[PDB]
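Trainee:
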Ligand code: HEC
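Residue numbers (the entry's author numbering): 1 to 104.
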């Protein structure tokens, strides 16, 4: 994926609810630092839904690609309000950005 393009997608569609940086604040949604290789619902100090806590998958390219296409289909009852990103290339660019930003 294209990290520069992924950043712009993130700013447009995600940043109002999420931070990525180490020590970044929770906002409407959890800070995403450290997501890759972590099970759902594991950002410390955030009130997740039981739906998000209970999904039980491990975040990575494959599961993000699916989630981000249609978040509520993947995690019904999530409190994340975001309809999804249809395009595969856009999702891959976004995920590439997250893989960098959430591990710096
Ligand atoms: C607010 C209006 C949000 C927008 C826009 C996006 N997200 Fe979100 N996200 C939000 C909340 C409130 C939550 C918690 C949901 C719950 O049911 O408890 C989330 C959760 C996620 C997660 C899961 C985190 C985890 O399991 O630790 C991810 C991976 C995620 N959000 C990513 C994400 C991306 C990449 C976004 C733009 C495409 C995006 N979210 C938008 C709130 C909001």
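Cβ coordinates follow ideal geometry from the N, Cα and C atoms, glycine included.
Could you tell me which uninterrupted alpha helix (DSSP H) segments, each at least 4 residues in length, are contained entirely in the stretch 29-93, listed from first to last along the chain?
Mentor: Runs of the alpha helix (DSSP H) inside the stretch 29-93: 50-55, 61-69, 71-74.
Trainee: Are there 16 or more other CB atoms within 10 angstroms of the CB of residue 7, so buried, or fewer, so exposed?
Mentor: Buried is the call here.
Trainee: Over the uninterrupted alpha helix (DSSP H) stretch that includes residue 12, give me the two end residues.
Mentor: 3-13 is the span of the alpha helix (DSSP H), which, as asked, contains residue 12.
Trainee: Quick check: the stretch 43-56 against the stretch 75-85, are there 3 or more CB pairs under 8 angstroms?
Mentor: In short, these stretches touch, since the Cβ pair count reaches three.
Trainee: Can you give me the Cβ contacts of residue 30 inside the same chain, cut-off strictly under 6 angstroms, excluding the 5 residues immediately before and after it?
Mentor: Excluding sequence neighbours, residue 30 sits near 43, 46.
Trainee: Closest to residue 9 by C-alpha separation, out of 104, 17, 97, would be which residue?
Mentor: Nearest C-alpha to residue 9: 97.
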